[PDB]
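So that you can tell them apart, the chains are marked A, B, C, D, E, F, G, H and I in the order they are listed, and the count of residues begins at 1 in each.
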Amino acid sequence: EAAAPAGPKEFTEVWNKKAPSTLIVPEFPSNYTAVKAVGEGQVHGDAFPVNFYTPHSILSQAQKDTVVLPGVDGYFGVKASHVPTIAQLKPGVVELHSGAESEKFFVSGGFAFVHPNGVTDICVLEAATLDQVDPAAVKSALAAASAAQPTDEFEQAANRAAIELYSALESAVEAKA
Amino acid sequence: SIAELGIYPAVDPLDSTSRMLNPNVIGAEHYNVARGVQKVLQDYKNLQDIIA
Amino acid sequence: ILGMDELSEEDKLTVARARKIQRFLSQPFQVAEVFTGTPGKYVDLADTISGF
Amino acid sequence: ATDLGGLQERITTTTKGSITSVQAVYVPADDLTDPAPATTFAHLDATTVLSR
Amino acid sequence: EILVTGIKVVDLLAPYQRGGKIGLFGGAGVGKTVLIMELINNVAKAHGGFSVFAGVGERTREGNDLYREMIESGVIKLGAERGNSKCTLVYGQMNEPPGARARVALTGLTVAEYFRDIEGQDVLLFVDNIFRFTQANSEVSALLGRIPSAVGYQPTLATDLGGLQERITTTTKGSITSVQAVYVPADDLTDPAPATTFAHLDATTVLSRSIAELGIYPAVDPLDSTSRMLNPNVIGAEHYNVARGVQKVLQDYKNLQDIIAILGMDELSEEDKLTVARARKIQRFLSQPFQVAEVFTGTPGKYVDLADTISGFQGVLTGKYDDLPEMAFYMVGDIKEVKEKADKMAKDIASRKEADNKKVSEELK
Amino acid sequence: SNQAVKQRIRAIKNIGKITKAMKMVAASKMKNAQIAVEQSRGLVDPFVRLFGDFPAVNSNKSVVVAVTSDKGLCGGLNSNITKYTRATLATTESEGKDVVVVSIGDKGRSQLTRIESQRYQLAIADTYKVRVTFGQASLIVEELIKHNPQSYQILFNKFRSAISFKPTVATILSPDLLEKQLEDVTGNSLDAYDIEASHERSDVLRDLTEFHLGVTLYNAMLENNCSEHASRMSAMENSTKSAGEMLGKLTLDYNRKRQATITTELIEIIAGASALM
Amino acid sequence: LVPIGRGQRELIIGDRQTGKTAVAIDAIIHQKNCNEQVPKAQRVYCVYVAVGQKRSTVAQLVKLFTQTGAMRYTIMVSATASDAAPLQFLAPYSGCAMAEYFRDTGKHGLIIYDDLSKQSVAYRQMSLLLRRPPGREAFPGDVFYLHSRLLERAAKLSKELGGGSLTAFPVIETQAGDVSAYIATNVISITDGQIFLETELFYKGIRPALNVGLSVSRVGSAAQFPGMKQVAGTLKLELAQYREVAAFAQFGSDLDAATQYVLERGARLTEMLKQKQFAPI
Amino acid sequence: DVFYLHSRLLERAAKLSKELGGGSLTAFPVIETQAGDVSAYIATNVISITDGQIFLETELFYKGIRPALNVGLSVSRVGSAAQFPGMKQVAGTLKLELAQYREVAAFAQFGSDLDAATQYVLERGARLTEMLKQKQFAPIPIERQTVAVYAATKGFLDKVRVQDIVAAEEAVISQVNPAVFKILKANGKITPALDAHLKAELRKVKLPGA
Amino acid sequence: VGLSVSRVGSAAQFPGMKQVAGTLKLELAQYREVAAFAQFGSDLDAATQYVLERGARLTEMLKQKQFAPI
């Protein structure tokens, strides 16, 4: 079960005994990250590290005390020493509270991990916040998403993803403060 | 240099001149073609220090 | 090619000292005061060594 | 060298006074090893370059 | 018939004829006197015939050095056993007026011509700076009231040089192996005094200044030195093929010099940068420590046999030695000494010993 | 002879303008591609703390990826990771596995088939022409999972600074084919996480490994693109310097030939006049 | 590439040790090999004029021509370097007058003035000592006429005068590829063609080191063997493509598959024209 | 006869035999080149007359290295058997380490990589260069030269910062016991009894900066 | 325009031309500096492209036809 201890510690061994000596051992992405998942600490009470990520942006590196994430089984909330959870997110709004103030981003869907040291990693693709969405072209798109039922299952799945994204973007644009 | 490209007659287009290259003499629609040809070939000669 | 804030702060001080050296090498001339108004200034050597 | 030397060797400091000559130097073909500047520069003790 | 000199670049790329006219071209400190002394030390000691050194327009210090060095070697004996000497020196050095330097090569030629014609044997004629004959006639001919020729030389340059050089030949009655150093003015080979000398010589050895500035000594340009012995019907098939392969690698590297200069080494093809590496190997391997240079270098001199040169350069050409560094080839004898120097310089990067091995701290009395 | 030097001078004087121009161009591209790279650097971290970093795995099928440049005026960057991908293919291949080699950039297909021709199966290129996006990196990822391997190795040059580009190897494992097997530590290291997926853990790990491969491919070919721009800016500034030095030596030699020409024709005129007068 | 007719003047111009005397010697040895297979009205009698060479080189050539068998057709007029400058000046005219017997009796001649530069140097000496005023590179004024009145004697005669021919191969040595020198430009101007050999192609292994761009033959393909003409326009055209798509062949990375076929095809053709010496085909 | 102008002149600089007196004349002809062109006519004339050559570089002269000796070109095949035997054994190490410093800085100017052994000989050769600087009108005796070359090639001047070596080799000569230079001048040679002693007196040297 | 000098034209031209020609000859001084650089028009800074377009405007502005002085 644990019979192959791979890793950057041990790749150095098999590489140094088999690669030419003019090349030093190549780097690895674990050498560039400081924060691991099973290690000790990084909770300290109420506010835990939240890392909000898209491929094209970093939206939050700050410490938050609660996060409201839109999982595929409903909007759940992440408090400080929350249970470790790999949560697939559906289209919904992500609320990063710190107190009275909070940042509400509507995201497109993509996972959010909570780690055994309390590190929470929201990893979405497109996080289009609520004050930059228009409320007019959403109905113009879900009208065609409601109407079009093709013969193929592929565009069927695309239309189902379309309606589950646009319908959730409906519910979070009229009921905003 | 025109000749080892194989082009015959190896007349340099950007060195051959005539006093018959007035717009008054051969008309404007011939002179504009000749001036455009020389302009295009000179700009290609400028671009040859990149595209070679 | 990169920018003014690209380099360090000691490079900022090298830029500042050299820009006030480049202006301090300038001098109003006594012969040119007839067409520039401002009087010219004969600077001694003991003053420019100390000033720089 | 002998004509330039016979000119430039009369510009010295004697015991009675001195002549200090400021000479405008033209460099032919922008070539500092041409014999007129290369013979003239053997006599110069300072250069004052006025740049645009 | 070939004359094996022990010099790798000479024996490979421009082999000397035993009985032919040999020219060492180069100007002002490229090494055509150290080449002529290495040729004396290698050829003249293993010759059997007589030698004539005709010093035409050279340093008097060098002539005294050769005279004392030939007394130490027994080539010149003094006094009662003088007749067992093997060399005649004829010296017309550069302190002499231009009538003497213009005619001392003829005196040395006559001393060689007597041994060739009357004694009937094979001799060596080493003429240091045959250019000084041309120059001394050029100094005289300004005052003989003549119109000058090109660059400033006499009108009778080619015929004076020809009538001197056409006497230095092998005949049916004897042999003269002629090694003449030729100075080039301002490092210009198109000067008429070297360009006229080029036609009278069988083996040409052009020493260039930039190759000397690269540290490669003897600074023989391999792409400008030629021989009439470089012929597959004279030296063999594999020797001629190895020589042409070395010259092909060096020419292909010379054609890559501009883009290596302005774009960098990192933008050639793979076969191009294999050619560049093999050429940088065979440029260093053509250099050699001389036994007459061991007093001002510190390296022992390395006589290389001709078969050793052919075998080593065939090894570098086929690709047996793509693994060694470049400086393994610099100033070595042959293909064994490149491997010896490779382990000598790769034990050197591992050469770190403990405790500094003092045994000096308070040595007792 | 004395005219061809005047044309060589103008050629080298123009090369010293073209290379200075594209040095400034590569600098302008590097300063705005660094912005996208250090923003893309974030999303790779949750996967390398959730899935670890296991390069030396017992995959029986691998896909190596060498992320090279498209324009080939970079200065030893593309052959550096060619040396690294022939070093890592001589690190995992010791057990009789299948390896597929793909490359991103035209300098990869021209330098990978020289070292290895049979395992190379795909050439992605023209990537950096418009820009590099995540839909493009995910399309490349789907064409990588057209094969069914148990590991993926990405080779790229990571933009540490404008001077240093450390060649990073990045590894992704197939989900329960190798990822669930490499986590079994007297039990599992992944059982601490509570799966909140719509389906079971194998499906969420399949989706997670596809998303991880996409984000490391996007970050890999962003880091390599801007390190390409930095090595071009540094490689056209050692080029315009050498083209200024070559131009200086050419101008000095041309001036020597100019002076020697004027003296030569003057001496011939004087000789021809003294031969008459 | 540079086809040569009976009666034209083809310059062999090059640097030193590039293959000029080699092409001349091959041309003579091949006429020995051809004179056995043709009738007596088709034979070519060679004349080799050695101006300013050594006696050793000329003795070497005479030994070579006796071992091949070319001396039953060859005259050698040798004014070597020890000879007087008027002899080296008059030796091309002497050799051409000995070759004009074959032009004037309806037979065919092949005259090779090796080192015509050395004949110009001997003429310069002879005219500078006669106090005639020098000119460019201290040459006389009539150093063009010196060579034009010699090279114009090589002609293909009409059938009234016998139909004889004289083919001249003057040899001009240049200085580091400088064909802008005085005698080089004069003899380039006089002769019909030129066979320009290079010292950079010579060390690429390309032997005979013929620069296929600068080598011209102004008789054209009108004096070419048929069949060789059927392949020669193609060979010229692919070599012309191989020359021009080169200066990019250093970047062997990007396979283009249209230029690359042209490059390796021209490599086949360039390796084809290599040839060992003293064995004409 | 412009070659004969100088060869008639510079051949009178001789070392005579014992039968003529043993007297000597040492010449130093000076040639001014134009753009570093040592392939001029008069320059190549005298290069083929003189024994050695001291080539003074104009780009070394503006970088502060004075006397701006081009160590690669500067040759003297006549003084080798004519150097101080104490200097002959310590400056045989000096010119070879300056050769490697000339090989490293002529290729590694790009800032490509530090091999960390060629990087050692770059700031070793920078120390030998700064040790070979000299002020004007202040000649040094040959014994106070070959100790400063001993202090630098034997690593006693190592890890002194390169802008201290002008002040540091003045610290070496000032603090070493003046009886050291008296033994070295008289033997002409760093004897085995002296380098063990001179290594000791160099360890007791207050180098600047520590 | 870079090599042609007039050492009189300081206060020897039309004043309405002198109001404008200083700007015209300083805009062309930037265009001659950046022109042979950015022969390509692909990847350009928003300051260099502006003086390139201005220099290309002035260059076509100055050219005129023969035997019709203005």
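The rule is simple: a residue touches a chain if its C-beta (ideal position, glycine included) is under 8 Å from a C-beta of that chain, and two chains touch if they have at least 3 such contacts.
Listed by label, the chains touching subunit A and subunit I alike are F.
For the pairs F-G and E-H, the count of C-beta pairs in contact is higher at E-H.
Subunit B and subunit F have Cα centroids lying 43 Å from one another. Centre-to-centre separation of subunit C and subunit D, using mean CA positions: 29 Å. For the pair subunit D and subunit E, the distance between C-alpha centroids works out to 47 Å. Averaged Cα coordinates give subunit B a centre that lies 55 Å from the centre of subunit E.
Listed for subunit B are residues 50, each touching two or more other chains.
Multi-chain contact residues of subunit H (touching two or more other chains): 35, 37.
According to the touch criterion at the top of this document, the contacting chain pairs are A-F, B-F, B-G, B-I, C-F, D-F, D-H, E-F, E-G, E-H, F-G, F-H, F-I. Here subunit F touches subunit I in the complex through residues 14, 17-18, 20-21, 24-25, 28-29, going by the rule given at the top. Across the interface of their complex, subunit C is touched by residues 23-24, 27-28, 31 of subunit F. Residue ranges of subunit A in contact with subunit F, taken from their complex: 1-2, 4, 6-8, 10-11, 14-15, 18-20, 23, 26-30, 32-33, 35-38, 51, 53-58, 61, 71-73, 76, 83-88, 110-111, 113-116, 119, 121, 123, 125. Across the complex, subunit H is touched by residues 27-29, 59-61, 93-95, 97-98, 135, 139, 142, 183, 185-187, 209, 213, 295-296, 298, 349, 360, 363 of subunit E. By the touch rule above, subunit F contacts subunit A in their complex via residues 36, 39-46, 48-50, 52-58, 83-84, 87-88, 90-91, 94, 134, 155, 158, 166-171, 181-182, 184-186, 189, 192-198, 204, 207-208, 211, 215-216, 218-219.
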